[PDB]
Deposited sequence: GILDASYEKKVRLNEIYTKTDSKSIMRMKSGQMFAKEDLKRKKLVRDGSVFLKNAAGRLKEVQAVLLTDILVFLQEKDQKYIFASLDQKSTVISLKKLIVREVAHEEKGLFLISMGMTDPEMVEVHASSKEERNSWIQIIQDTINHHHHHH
C-alpha cells in the first residue's frame, strides 16, 4: 500500500470546485487535500435520513475523515442531508451498529452530528472501526 501515491491520485482526481463545510465552520476544499497524510481509503456506503444508501469513497487522513462521491470521472465531496462529510478526528467517537453487522456510527462531538456508514461485510466494518479508532487515538 503506497499511501502518498494513493493520496496524489485522489487529489488529482477530485474536482477543483468541490467544497464541504465542516461542522466547526471551516470550509474544506480540493486544495486542502494537498499536504494531508493518507491512512486508508476504500469504498463504503452512507445511509440517508430516508434510510437509503449511497456509495462513497472513505478517505481517512491522519487528522480528518473525508467521504467522496464519484461524478463523471472526478471525485467530489459526498452530499448527505446537510450533514458534513468532511469530519475532524478530534472529539469523534465510533461505534458498531448493533443491529447491522455491516454498519458503524460516527458521532462528531463538537451541535453534534452522527453519520451511519455500512462496509461490504462484518470483517470490513470491524477493520474500518479499528483503523479509525487507532488514528483518532494517534497509535
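Comparing the deposited sequence with the modelled residues, the stretches lacking C-alpha coordinates are 1 to 6, 117 to 118, 148 to 151.
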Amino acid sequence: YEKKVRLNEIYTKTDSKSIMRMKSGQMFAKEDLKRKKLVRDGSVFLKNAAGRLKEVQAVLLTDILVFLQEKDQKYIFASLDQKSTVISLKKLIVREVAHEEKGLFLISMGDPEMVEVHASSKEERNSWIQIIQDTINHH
From here on, numbers count along this sequence of modelled residues.
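Note on 80 to 88 vs 53 to 61: mean CA B-factor is higher in 80 to 88. Stretches 97 to 105 and 36 to 44 differ in mean CA B factor, with 36 to 44 having the higher one. Looking at the C-alpha B-factors along this chain, the one for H118 belongs to the lowest third. Ranked by Cα temperature factor within the chain, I132 sits in the lowest third according to the deposited record.
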